[PDB]
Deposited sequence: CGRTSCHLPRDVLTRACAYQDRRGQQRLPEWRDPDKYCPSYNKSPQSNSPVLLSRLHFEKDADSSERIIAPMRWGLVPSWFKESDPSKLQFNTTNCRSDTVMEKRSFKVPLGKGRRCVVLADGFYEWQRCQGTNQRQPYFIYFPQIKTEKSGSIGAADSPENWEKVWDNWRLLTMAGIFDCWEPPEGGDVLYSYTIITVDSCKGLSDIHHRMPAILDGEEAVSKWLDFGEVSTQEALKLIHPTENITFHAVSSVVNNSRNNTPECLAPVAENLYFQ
């Protein structure tokens, strides 16, 4: 739960986030900070990834079922943090355990303000600890996809983006600047399908109902939203080269079968 791929050109990403608001209107989410979208096969913490959030976080009186897409910093920086640079955070907010979320100062406050987001990715990476060797085996993990340079193009034109439950916070640099929007991905106990790879997995929102209810802090309370957080077996994976290991490596090899 500490590496993803999110490599699609921005317009292909945006079309893969085609959704329906509550009135059935087919929409594309509206961008904020599109210039901060940085497509890569190898997204690490402290990089920006595109996330979905309710229009109502940005626009007074908005339909809260309308969606915005914006790049956010991976690694939640709480509103109260006092240093000038956010990378001086001395605790890991890459992830946020489902089980303890209601009693963690860093996650509960933004959750209570309805700062629920959907972190987008092609899929995520996990490294398997194998008995009696220090060599870790990396896996690419993603939603089951539909059953040549024009073949690859069509796969990625039809790709079902992975949708992970996040929480975000807003931090004003003391020294002055843009509000930093930053996220954590909620982690849960791994499903049986993933149990031999890692005992943790991200909280995956499977289909537009779960995505919608997680996003809609208007009509969905924390309590009802937390019921969406749990493992899923609706997930496939394959082993991938050691190329992904180094986050500086940004190439299609990162998620290619081995």
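ask   = So which bits of the deposited chain never got modelled?
value = Unobserved in coordinates, per deposited numbering: 148 to 158, 270 to 276.
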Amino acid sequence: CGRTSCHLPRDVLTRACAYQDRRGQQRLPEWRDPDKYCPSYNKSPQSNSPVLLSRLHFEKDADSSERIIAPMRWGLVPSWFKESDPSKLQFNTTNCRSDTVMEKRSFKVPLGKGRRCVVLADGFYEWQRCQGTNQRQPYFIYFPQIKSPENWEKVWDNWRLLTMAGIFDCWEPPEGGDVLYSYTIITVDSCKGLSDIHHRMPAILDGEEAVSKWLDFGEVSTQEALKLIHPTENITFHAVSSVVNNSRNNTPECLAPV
From here on, numbers count along this sequence of modelled residues.
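For the two forms, the rigid core is made up of the largest set of C-alpha atoms that agree within 1.5 Å on superposition.
request  = Using RMS Cα distance over all structures and residues, flag whichever of 160 to 168 and 92 to 100 lies farther from this form in 4 other deposited structures of this protein after a core fit.
outcome  = After the core superposition, the stretch with higher RMS deviation in 4 other deposited structures of this protein is 92 to 100.
inquiry  = One third of the other compared structures is the cut-off here: is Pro144 left unmodelled in that many or more?
reply    = Looking at the other entries that model residues on either side of it, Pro144 is present in every one.
key: Of 128 to 136 and 182 to 190, the stretch whose C-alpha atoms average the higher B-factor in the entry   = Result: 128 to 136.
request  = Read off the CA B-factors in the entry, average them over 71 to 79 and over 168 to 176, and name the higher stretch.
outcome  = Averaging CA B-factors over each stretch, the winner is 168 to 176.
query = Looking at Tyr37, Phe58, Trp31, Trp214, which has the biggest Cα B factor in the entry?
reply = Within the set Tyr37, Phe58, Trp31, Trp214, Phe58 shows the top C-alpha B-factor.
Highest recorded Cα temperature factor - choice among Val119, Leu161, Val155, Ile141 = Out of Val119, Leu161, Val155, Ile141, the record gives the largest C-alpha B-factor to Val155.
message = Considering every modelled residue of the chain and its Cα B-factor in the PDB entry, is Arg27 in the lowest, middle or highest third?
response = It falls in the middle third of the chain.
Assigned third (lowest, middle, highest) for the C-alpha B factor of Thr232 = CA B-factor rank for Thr232: middle third.
query = Should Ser47 be placed in the lowest, middle or highest third of its chain by the C-alpha B factor in the entry?
reply = Ranked within chain, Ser47 CA B lands in the lowest tercile.
request  = Relative to the other modelled residues of the same chain, rank the CA B-factor of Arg15 and answer lowest, middle or highest third.
outcome  = Its C-alpha B-factor belongs to the lowest third of this chain's values.
request  = Pull the Cα B-factor of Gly112 out of the PDB entry and bin it into the chain's lowest, middle or highest third.
outcome  = For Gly112, the deposited C-alpha B-factor lands in the highest third.
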